[PDB]
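As structure tokens, the structure follows; a few thoughts come after it.
Order of appearance sets the numbers: ligands from 1, and atoms from 1 within every ligand. Side-chain atoms are counted along with the backbone in the values below, which use heavy atoms only and exclude waters and symmetry mates. Below, chains carry the letters A, B, ... as their sequence lines are ordered, and counting in each starts from 1.
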Amino acid sequence: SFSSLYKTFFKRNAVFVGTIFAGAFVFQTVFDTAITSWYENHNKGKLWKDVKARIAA
Amino acid sequence: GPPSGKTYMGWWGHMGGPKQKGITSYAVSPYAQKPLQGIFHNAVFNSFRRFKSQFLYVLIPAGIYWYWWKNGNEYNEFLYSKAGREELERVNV
Amino acid sequence: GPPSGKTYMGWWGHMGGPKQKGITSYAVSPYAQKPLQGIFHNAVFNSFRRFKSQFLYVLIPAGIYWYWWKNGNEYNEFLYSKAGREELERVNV
Amino acid sequence: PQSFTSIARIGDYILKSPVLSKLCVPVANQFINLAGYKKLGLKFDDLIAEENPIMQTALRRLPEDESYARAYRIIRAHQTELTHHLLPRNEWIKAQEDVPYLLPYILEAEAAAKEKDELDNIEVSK
Amino acid sequence: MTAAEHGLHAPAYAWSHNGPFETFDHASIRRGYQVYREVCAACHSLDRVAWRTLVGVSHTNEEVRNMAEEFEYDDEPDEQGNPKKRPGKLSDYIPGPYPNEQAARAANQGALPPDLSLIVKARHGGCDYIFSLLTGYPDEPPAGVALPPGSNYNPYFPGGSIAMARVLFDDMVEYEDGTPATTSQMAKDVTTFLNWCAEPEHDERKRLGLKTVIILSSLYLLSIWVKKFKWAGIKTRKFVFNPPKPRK
Amino acid sequence: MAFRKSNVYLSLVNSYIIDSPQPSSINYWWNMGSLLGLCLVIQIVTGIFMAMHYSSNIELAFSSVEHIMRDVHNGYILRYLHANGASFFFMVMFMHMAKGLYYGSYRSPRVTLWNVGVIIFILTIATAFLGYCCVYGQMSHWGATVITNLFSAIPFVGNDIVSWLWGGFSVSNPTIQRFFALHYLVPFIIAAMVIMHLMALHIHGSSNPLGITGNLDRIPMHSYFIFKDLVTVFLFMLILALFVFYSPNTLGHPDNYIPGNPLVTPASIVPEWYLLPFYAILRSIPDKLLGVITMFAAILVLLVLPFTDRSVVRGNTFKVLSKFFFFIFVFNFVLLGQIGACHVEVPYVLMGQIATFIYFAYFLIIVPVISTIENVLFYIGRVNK
Amino acid sequence: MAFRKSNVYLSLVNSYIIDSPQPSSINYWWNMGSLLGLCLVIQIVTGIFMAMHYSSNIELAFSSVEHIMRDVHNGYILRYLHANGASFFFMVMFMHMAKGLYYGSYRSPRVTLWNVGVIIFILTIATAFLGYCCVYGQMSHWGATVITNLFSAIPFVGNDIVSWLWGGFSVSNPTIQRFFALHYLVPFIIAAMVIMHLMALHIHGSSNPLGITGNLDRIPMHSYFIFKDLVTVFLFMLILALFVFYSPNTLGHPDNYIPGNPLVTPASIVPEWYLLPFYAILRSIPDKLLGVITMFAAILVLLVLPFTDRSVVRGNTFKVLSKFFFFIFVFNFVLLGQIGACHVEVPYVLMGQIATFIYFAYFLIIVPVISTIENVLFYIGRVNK
Ligand SMILES: CCCCCCCCCCC(=O)OC[C@H](COP(=O)(O)OC[C@H](O)COP(=O)(O)OC[C@@H](COC(=O)CC)OC(=O)CCC)OC(=O)CCCCCCCC
Ligand SMILES: CCCCCCCCCCC(=O)OC[C@H](COP(=O)(O)OC[C@H](O)COP(=O)(O)OC[C@@H](COC(=O)CC)OC(=O)CCC)OC(=O)CCCCCCCC
Ligand SMILES: CCCCCCCCCCCCCCCCCC(=O)OC[C@H](COP(=O)(O)OCCN)OC(=O)CCCCCCCCCCCCC
Ligand code: HEM
Ligand code: HEM
Ligand code: HEM
Ligand code: HEM
Ligand code: HEM
Ligand SMILES: CCCCCCCCCCCCCCC(=O)O[C@H](COC(=O)CCCCCCCCCCCC)COP(=O)(O)O
Ligand SMILES: CCCCCCCCCCCCCCC(=O)O[C@H](COC(=O)CCCCCCCCCCCC)COP(=O)(O)O
Ligand SMILES: CCCCCCCCCCCCCCCCCC(=O)O[C@H](COC(=O)CCCCCC)COP(=O)(O)OCCN
Ligand SMILES: CCCCCCCCCCCCCCCCCC(=O)O[C@H](COC(=O)CCCCCC)COP(=O)(O)OCCN
Ligand SMILES: C/C=C(C)/C=C/C=C/[C@H](OC)[C@@H](C)[C@@H](OC)[C@@H](C)CCc1oc2c(O)c(OC)cc(OC)c2c(=O)c1C
Ligand SMILES: C/C=C(C)/C=C/C=C/[C@H](OC)[C@@H](C)[C@@H](OC)[C@@H](C)CCc1oc2c(O)c(OC)cc(OC)c2c(=O)c1C
């Protein structure tokens, strides 16, 4: 964190609850997508989706 | 302990009432009194005397409601009898 | 409020300690201090306090117990191996 | 909860005996140095658990100047402890300064308390 | 306790699901089901696994529906009260080979083959143990070992005397995907399938674990910094003593 | 005055959590109590949510827990949190108790606080026993059998008490159903006992690492300790999450994944880890009645400490000998646990008997002797004559 | 000082039930509170002992209660006590609330005490509902269906809330098992709210029948009120025993002796007697949403009393018009209950609607209008110029 970067968004005030809650909602979405993508990529070839791609009946 | 908010009641020695003076009370030990034999004649006349002062406050409202109930109940019994079928069809729809 | 029993701790303004005089304390606002930009390196020589000064009180008893455990464990393993069959029958029965 | 009267009785017996003294004092000196209370700016008498009637009587009778000084040593020690450091060497309590300043007040209170208890339970032999 | 009574320690194999970031190999779960069906199912039940759970894990909805319908289950009696049967459905649980314990014991020389739904979690050693057991039957028991009639020797089993004989032999199964059905390949596959049967939440649990440890680690570090800031005034506090003038 | 002080309900909150004067020097060891409060909350909440999907009937119990593991959304998280949470509850409690022992927290004027603590310890052990029985795995049935049989040692009426506890001829349906009902109840009794614990604590306040008066320098609970407690709350959650999500069955026993069988006690039977030290103590006595009495005595002996500690100073911080022996006691307790995890064989039997002697000797001989000696050393080590 | 005062635990007992200064004139109406505490204890104890033999699974629930009635030693006593105890809990609570209404107990400085009481009333009704569902008879299934459906009236998310509460397509296994878990929990929440109720009562003490200050003449709780409360405790037990042993099913519904059937709602369906007045209020509104809103408002309207009572004196003892209308309100409540026990037919529909209007009018119109008139009457009836 850089002082001037923080000041451009909040000046010398702490972050208010309203903004904290709003940020938590955004965090939840972005964080989940990022983790899931990294996790599925790390296990590529082992997932059912990957197996179903080749295997069939 | 922390300072707590004052109320309208204290405790023994500082109950929160006005200063008392000029009043003298007297009492006698329960052990020195007649073995609770002064019940009848001294409480049978007072009993019902208290309720003679209160019964109308209870009885009138009770009477209004009991009669309102009985009237509706009797009307319902009539509406569902053979003789009330005509009026039942009228008031039901 | 009811009379409560005396203890060894009071509250702010009457904590129950001795009268304090001659001591002056000074402090500076956390906002005016360096943003904790000296955790490691500056607190590495002070670290290991609970180690250099306390490790022996922990280490010696720990060493005594660990070696006591290892010794007994090695013996048990010997007793139940083919080579330990004769001693097992001796110490067991 | 061993009384200071009992402690002193055993200790004095050791100090008065040339044999026991030369044998115990050195170990006691090492024990005290290892205890490390002097490095926090404290004297042994500052360490005595005070939440009892005898100690409260003792502390109440302790002269003002000494009481203020004891207060400072206690506060300073708490501050040093929370910072997880020892005081600068020059601020350490020196062996010569580690004096039993409260002990006499404690022994006096214990003697008075002991006498009251004996007097409260005296038997009369007619 | 002797080595025989304890059982031979099961070595650590390189299971592809070992590790905090690893999911099960689903191609292995799939082959494992086939080994279970063509070999294990003759003596072992899998009572805790509902057909529906295989969907999207090792098979398609269509494949599982066809598998379920190959078995018959009790249906509600007809209008006359007469009992009747019906083909299995996705909601049904995989059926066992025996109708009761007495029948199971009768077909296995008095021994009862345990349900395998939780076998991986119900044994010390987990996957390593199951695999080692299945591939650890020697042609003959060690010299001097008196083996009771109807029993078999397996060093990995406590006591060395087990009621189940070796059942995996090379090529006894023909894998749909063309994988060589060696005894070790089949043992590796059923064990993976059985691990999934015991812990179907495995893949999702580890994924949630990554999210949880990251958030908590950050919270922990953040809390330390916040704590230090709030305490900075007290921590750097300074005291000075000036002995008061004697008068009070 | 401020509303937080004026209001009838808020004043209690302010008194215990906001304005509570805390000794400025208490270290992180003083954070275990808040962690124990967190543990109780975790257990009660996860427990209640799981109770909604649990059946106590002996034929349905094990399967209902599997239903929670398999069918209930996030059910495995609830179960692993509850199971591992229980283990963490005991680890933190042992640390909380060890902290008290080290710093002489049990000494006057906090004897009542300590005694209430011992009661909470007993209730927590009983609660965990009842909960473990509810799973109805092999360890559940046999643990229920052995533990209830402990009372058969009571002369004359022992067997009757056991039959009463069982509700039959053995651990059966009535036993499991009553154990679940009781498992639900005790946590609330513990909560009530914690309130009593906090009340005893509040009148004298916390002790500190120096063992001396904290009255000369206090700081408010709010902010300082509220934020300091947060550090360990997060560390606790982090560590618990590592077990819950990455190694959920490490602290448990594989045998409990096998349904209870009244006809077979597995050779691999072992009590839950937090009970191992007491288990070893019982096994060390070659007699039914004395083994039982001795084990219960291992908990009750905690009550003699305020009387056997003859020291004139509170705590071990400035005591060389006391610090050494405290750690001897700690590692001896761990050894007892390790012995409990072993079979009844040479030389573990003698080791257990010696460790058992050391456990009791600590409270009854070592503490009083060493403390008396230290009192004298402090005296002769400075005084002239 | 005396040990009962110095000890941390006994000092609470002493302040609340031994030395507590009571107004010398409080009459027998002030005994209902202790009776409510007794009821709560009776319910929790009989409930825990029955829980030991109960199975919540929808297929086993009804039969497990029959098992309690038939196989459990004294089981029928436990069950009849718990069931008749619940009815008594409500009758006494109604009397406790009515006393408060009559004597102006809801007035300042006791508004907080009153509000906590309203919360307790809501929790108690909810608890009784959950317990009734546990029997899983015909009334249980349909009461569970209707009451959970009350939430379907919430716009947009209503149906989702109901499906969530059910844990399925309809009232089924998931529902009964969670209802039992919750039935076990709420009584403990009620106990905690009772503690909060008592704390609020303690700071101002009880009011009295004269409505004036009790500070000039107090007498200790101990002996006087301890023994006066005992009189009603025995009367309460006597009457409860008459029902439990001689007429145990009089207060219940025969349909609850019929196992729940998801396909048939009996024509004879009727809510538990203590819920009838509220049931009548809901039925009085020919709209789904407004009916549900109005019914909950019937409980919440109790909260407006400290504000609508404009009188300068506390209580009805010396108020002619207020006394009359208080009894109009009481019998109107009984009538509402009678209407609830009747079919939706002429002329009961209109009667119920009028009685519903009267119920609300009392708090919103009658009390403020009458209290204002009375203030003026007291003024012009003595002052002159
Ligand atoms: C599995 C169930 C438990 C899981 C939850 C447990 C969490 C807490 C248990 C540990 C505990 O209570 O240890 C207390 C011991 C005393 O410490 P002290 O008061 O003298 O500290 C002065 C500090 O530098 C102030 O420093 P400060 O406040 O500025 O930051 C301290 C540190 C705190 O870290 C913690 O989370 C507490 C351990 O933050 C850091 O900088 C660490 C960077 C990663 O801290 C230690 O030095 C640890 C000694 C090791 C013994 C552990 C034995 C456990 C079997
Ligand atoms: C119902 C199912 C739930 C069961 C719970 C039952 C609990 C009792 C509820 C009744 C209640 O609270 O009534 C209070 C009302 C007010 O009375 P008060 O304070 O003005 O009394 C002065 C007394 O003479 C002092 O007199 P004393 O103390 O000397 O004895 C009083 C009397 C008390 O009896 C009771 O226990 C209450 C009925 O004992 C007797 O003499 C009875 C001889 C067999 O008592 C009365 O005076 C009755 C007035 C009519 C109320 C009818 C109840 C409506 C249902
Ligand atoms: C029924 C009877 C119950 C009894 C249970 C006994 C407890 C069982 C073990 C509990 C685990 C944790 C042990 C707790 C011991 C720490 C207690 C404590 O308060 O220690 C304080 C001490 C140093 O503090 P100081 O204030 O003296 O430091 C000098 C500052 N000037 O801190 C230190 O010296 C460093 C602490 C090092 C801890 C070593 C613990 C080893 C435990 C092994 C874990 C178990 C593995 C299976
Ligand atoms: C590849 C398919 C199979 C697998 C994965 C498998 C796995 C297992 C496992 C893990 C055990 C438990 C051993 C223990 O208690 O530690 C076991 C036991 C047993 N199995 Fe199998 N099995 C298979 C096939 C069979 C077959 C086909 C039969 C019947 C002919 C059989 C009969 C038994 C019996 C009787 C036992 C009891 C052993 C004892 O307790 O002594 N198994 N099996
Ligand atoms: C659910 C269980 C428990 C809870 C919630 C609990 C909670 C607390 C809390 C919040 C504190 C203050 C902070 C601290 O010192 O950690 C405390 C202090 C204390 N507790 Fe506990 N405790 C529990 C069990 C125990 C047990 C089992 C014992 C002892 C057998 C015990 C003994 C003490 C003592 C003596 C103190 C004072 C420590 C001091 O200030 O020096 N507690 N406890
Ligand atoms: C101090 C609180 C508690 C402790 C120490 C505790 C401890 C335990 C333990 C050790 C188990 C066995 C876990 C396992 O190995 O699977 C258990 C199970 C269980 N507990 Fe608790 N518990 C507590 C409170 C509660 C409460 C209040 C409920 C509410 C009913 C509850 C409900 C259950 C249920 C349903 C199970 C069975 C499922 C399972 O095995 O996890 N517990 N508990
Ligand atoms: C479990 C239920 C309850 C319990 C155990 C309880 C207990 C008590 C007790 C012991 C008293 C003092 C003695 C008395 O006046 O009877 C009291 C007073 C009072 N309670 Fe309750 N109560 C309960 C429910 C309620 C409810 C539902 C309300 C109101 C909606 C309420 C309103 C009041 C008020 C205003 C007083 C003061 C009476 C006065 O002194 O004038 N209580 N309660
Ligand atoms: C605030 C206290 C309570 C209230 C108002 C209450 C009310 C009720 C009611 C109305 C019933 C239905 C009785 C019937 O018609 O047969 C019931 C049943 C039941 N309650 Fe409670 N209860 C309370 C507390 C408890 C507690 C703490 C438990 C603990 C588990 C419990 C366990 C049961 C059980 C097992 C049943 C089923 C057996 C029966 O029907 O009597 N109750 N309760
Ligand atoms: C029963 C459980 C026992 C656990 C005890 C742990 C105690 C910690 C509770 C944290 C409360 C912090 C309140 C701070 C506050 O009100 O200050 C407010 C500021 O609050 C904030 O900025 C938000 C801090 C976010 C903390 C996150 C809460 C963690 C939730 C996890 C805890 C689970 C138990 C006033 O701040 P100001 O003094 O600068 O004006
Ligand atoms: C949950 C709360 C509900 C109950 C509220 C009612 C409170 C009544 C409690 C009665 C306690 C009486 C103790 C008297 C005492 O200590 O004085 C003792 C004397 O006690 C006696 O003589 C015994 C009287 C018999 C008590 C009957 C037990 C009541 C049955 C239980 C009913 C409740 C379930 C001191 O007497 P003294 O003043 O002459 O020296
Ligand atoms: C063991 C049981 C728990 C122990 C109880 C003590 C601990 C209580 C902790 C609870 C924290 C919650 C406090 C919130 C209430 C504070 C506001 C308040 O009391 O306002 C009250 C009114 O409250 C109500 O109407 C309902 C309160 C219900 C609370 C339900 C949780 C205003 O009261 P007030 O103090 O302003 O009185 C005027 C003095 N001139
Ligand atoms: C939901 C409920 C929440 C709990 C709210 C608290 C309500 C308190 C009601 C409890 C009444 C029972 C009190 C009996 C205990 C009084 C005697 C006492 O405190 O003696 C204590 C010692 O107590 C113990 O060791 C154990 C007490 C455990 C009590 C467990 C029920 C002596 O304490 P003392 O006042 O003499 O002070 C000691 C000198 N520093
Ligand atoms: C209705 C409620 C009831 C009856 C409550 C009873 C509570 C009793 C005690 O708690 C207070 C008790 C749990 C406590 O004794 C001090 C523990 C240390 C007991 C330790 C304990 O565990 C074992 C265990 O867990 C097992 O599992 C498979 C098996 C066991 O033998 C093989 C034992 C065992 O031999 C002992 C001593
Ligand atoms: C998980 C917990 C939950 C969802 C709790 C819900 C609690 C809701 C309310 O309590 C606060 C509620 C019980 C309370 O509403 C204020 C009562 C006055 C409702 C009264 C009530 O009873 C009925 C009843 O008993 C029946 O029996 C067979 C049948 C019923 O219709 C045919 C009713 C009915 O039509 C109403 C309005």
Side-chain angles (χ1 to χ4, degrees), chain A residues 14-15 17 20, chain B residues 5-7, chain C residues 49-51 53-55 57-58 61-62, chain D residues 36 39-40 80-81 84-86, chain E residues 219 222-223 226 230, chain F residues 3-4 6-13 16-17 25 27-42 91-103 105 118 121 191-192 195 209-211 221-223 225-230 232-234 236-237 273 277-278 298-299 301-302 315-319 323 326-327 329-334 337-338 359, chain G residues 108-109 111-116 118-119 191-196 198-200 203 303:
Chain A
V15 186
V17 281
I20 293 294
Chain B
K6 285 308 175 69
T7 64
Chain C
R49 176 67 66 183
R50 290 297 225 286
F51 190 78
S53 298
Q54 291 296 106
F55 86 124
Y57 299 105
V58 186
Chain D
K39 301 177 184 180
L40 264 42
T80 310
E81 180 66 0
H84 303 290
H85 282 109
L86 296 174
Chain E
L219 251 5
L222 256 24
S223 70
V226 174
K230 289 178 182 301
Chain F
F3 189 63
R4 75 180 198 278
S6 197
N7 183 255
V8 66
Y9 305 125
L10 257 27
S11 57
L12 271 301
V13 172
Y16 283 78
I17 277 179
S25 67
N27 59 40
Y28 279 103
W29 288 110
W30 270 261
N31 285 37
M32 303 310 276
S34 64
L35 246 35
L36 288 170
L38 207 213
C39 282
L40 184 59
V41 170
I42 286 167
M91 189 60 246
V92 173
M93 195 167 292
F94 285 142
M95 288 166 85
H96 186 53
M97 293 162 90
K99 180 286 241 78
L101 265 59
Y102 188 96
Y103 294 109
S105 303
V118 177
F121 182 58
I195 287 166
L210 302 181
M221 178 92 147
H222 173 49
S223 281
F225 297 99
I226 290 297
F227 285 87
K228 190 174 181 183
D229 282 349
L230 205 45
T232 45
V233 156
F234 287 139
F236 172 93
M237 288 177 167
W273 75 266
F278 306 100
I299 300 172
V301 76
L302 261 26
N316 293 345
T317 304
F318 307 116
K319 298 165 186 169
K323 288 159 74 172
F326 167 87
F327 287 107
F329 176 88
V330 169
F331 295 113
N332 184 262
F333 188 73
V334 173
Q338 178 64 62
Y359 180 96
Chain G
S108 187
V111 176
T112 298
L113 173 67
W114 179 253
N115 294 349
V116 166
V118 172
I119 293 166
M193 291 305 125
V194 164
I195 290 172
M196 288 181 82
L198 295 174
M199 288 168 66
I203 59 177
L303 302 166

Inset, instruction - Going by heavy-atom distance to atom 18 (C) of ligand 11, choose the closest among F/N7, G/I195, G/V194, B/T7. - result: F/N7
Inset, instruction - Give the residue, atom name and distance (to 0.1 Å) of the protein heavy atom nearest atom 31 (C) of ligand 11. - result: G/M196 CE, 3.9 Å
Inset, instruction - Using protein heavy atoms only, decide if any is under 4.0 Å from atom 34 (C) of ligand 9. - result: no
Legend entry - Distance (rounded to the nearest 0.5 Å) between F/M32 CE and F/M95 CE: 3.5 Å
Legend entry - Taking atom 2 (C) of ligand 3 as the reference point, the nearest protein heavy atom with its distance: F/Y359 OH, 3.6 Å
Legend entry - G/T112 N/O to ligand 11 N/O under 3.5 Å: yes
Legend entry - Atoms in ligand 3 flagged as close to F/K99, the criterion being non-hydrogen separation under 4.0 Å: 19 (O)
Legend entry - Identity of the nearest option to atom 33 (C) of ligand 3, non-hydrogen atoms only, from F/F327, F/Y102, C/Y57, F/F333: F/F327
Inset, instruction - Answer yes if a protein heavy atom lies under 4.0 Å from atom 28 (C) of ligand 9, otherwise answer no. - result: no
Legend entry - Nearest-contact summary for atom 13 (C) of ligand 11 - protein heavy atom, Å: F/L10 CD1, 3.7 Å
Inset, instruction - Report the distance from atom CG of G/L113 to atom CG of G/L198, rounding to the nearest 0.5 Å. - result: 8.5 Å
Inset, instruction - Determine if the distance from atom 39 (C) of ligand 11 to the closest protein heavy atom is below 4.0 Å. - result: no
Inset, instruction - Consider every N or O of F/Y9 and every N or O of ligand 11, then say whether any pair is closer than 3.5 Å. - result: no
Inset, instruction - Look up atom 33 (O) of ligand 11 and tell me if a protein heavy atom lies less than 4.0 Å from it? - result: yes
Legend entry - Proximity winner for atom 32 (C) of ligand 9, if only heavy atoms of F/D229, F/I226, F/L230 are counted: F/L230
Legend entry - Distance (rounded to the nearest 0.5 Å) between F/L230 CG and E/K230 NZ: 10.5 Å
Inset, instruction - Output yes when a protein non-hydrogen atom is found under 4.0 Å of atom 21 (C) of ligand 11, and no otherwise. - result: yes
Legend entry - Heavy atom of protein closer than 4.0 angstrom to atom 16 (C) of ligand 11: yes
Inset, instruction - Could you check atom 44 (C) of ligand 3 against the protein and tell me its nearest heavy-atom contact, residue, atom and distance included? - result: F/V334 CG2, 4.8 Å
Inset, instruction - Give, for atom CE of F/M237 and atom CG of F/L35, the distance between the pair rounded to the nearest 0.5 Å. - result: 9.5 Å
Inset, instruction - Determine, considering heavy atoms only, which of F/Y103, F/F94, F/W29, F/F121 sits nearest to atom 25 (P) of ligand 3. - result: F/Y103
Inset, instruction - Have a look at ligand 11 and work out which part of G/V111, if any, has a heavy atom under 4.0 Å from it: side chain, backbone, both or neither. - result: neither
Inset, instruction - Give a yes or no on whether atom 3 (C) of ligand 11 lies under 4.0 Å from any heavy atom of the protein. - result: no
Legend entry - Nearest protein heavy atom with distance in Å, relative to atom 41 (C) of ligand 3: F/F331 CE2, 3.8 Å
Legend entry - Option of least heavy-atom distance to atom 28 (C) of ligand 11 (set: F/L12, G/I119, G/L198, G/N115): G/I119
Legend entry - Nearest protein heavy atom with distance in Å, relative to atom 4 (C) of ligand 3: F/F329 CE2, 3.9 Å
Legend entry - ligand 11 contact by G/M193, heavy-atom criterion under 4.0 angstrom: no
Inset, instruction - Look at ligand 11 and say whether F/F3 reaches it with a heavy atom at a distance under 4.0 Å. - result: yes
Legend entry - Closest protein heavy atom to atom 10 (C) of ligand 3, given as residue, atom name and distance to 0.1 Å: F/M91 CE, 3.8 Å
Legend entry - Residue and atom name of the nearest protein heavy atom (relative to atom 17 (C) of ligand 3), distance in Å to one decimal: F/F326 CZ, 4.1 Å
Inset, instruction - Please work out which of F/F225, F/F236, F/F234, F/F227 has its closest non-hydrogen atom nearest to atom 24 (C) of ligand 9. - result: F/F227
Legend entry - Sub-4.0 Å protein heavy atom near atom 10 (C) of ligand 11: no
Inset, instruction - Look up atom CG in F/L40 and atom CG in F/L36, then write down how far apart they are to the nearest 0.5 Å. - result: 9.0 Å
Inset, instruction - Considering only protein heavy atoms, determine whether one is less than 4.0 Å from atom 21 (C) of ligand 9. - result: no
Inset, instruction - Could you tell me the residue and atom name of the protein heavy atom closest to atom 5 (C) of ligand 11, and the distance to it rounded to 0.1 Å? - result: G/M199 SD, 3.6 Å
Legend entry - Closest approach of any protein heavy atom to atom 12 (C) of ligand 3, naming residue and atom: F/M95 CG, 3.7 Å
Inset, instruction - Give yes or no for whether the N/O distance cutoff of 3.5 Å, strictly under, is met between C/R50 and ligand 3. - result: yes
Inset, instruction - Can you see which heavy atom on F/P209 is nearest to which on F/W30, and at what distance? - result: N-CH2, 3.4 Å
Inset, instruction - Please state which part of F/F278 comes within less than 4.0 Å of ligand 3, counting heavy atoms only: side chain, backbone, both or neither. - result: side chain
Inset, instruction - Return the residue, atom name and 0.1 Å-rounded distance of the protein heavy atom closest to atom 14 (C) of ligand 3. - result: F/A98 CB, 3.5 Å
Inset, instruction - Within a distance under 4.0 Å of any heavy atom of F/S34, pick out the atoms of ligand 9 and give their elements. - result: 3 (C)
Legend entry - Test item: protein heavy atom less than 4.0 Å from atom 30 (C) of ligand 3: yes
Inset, instruction - Show the numbers, then the answer: is there a ring pair (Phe, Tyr, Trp, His ring centres under 6.0 Å) between C/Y57 and F/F327? - result: CA-CA 7 Å; C/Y57 299 105; F/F327 287 107; 7.9 Å; no
Inset, instruction - Answer with side chain, backbone, both or neither: which part of D/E81 has a heavy atom less than 4.0 angstrom from an atom of ligand 3? - result: side chain
Inset, instruction - Verify the contact flag for atom 47 (C) of ligand 3, where contact means a protein heavy atom under 4.0 Å away. - result: no
Legend entry - Sub-4.0 Å protein heavy atom next to atom 35 (C) of ligand 3: no
Legend entry - Sidechain-backbone polar pair: F/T232 side chain, F/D229 backbone, donor-acceptor under 3.5 Å: yes
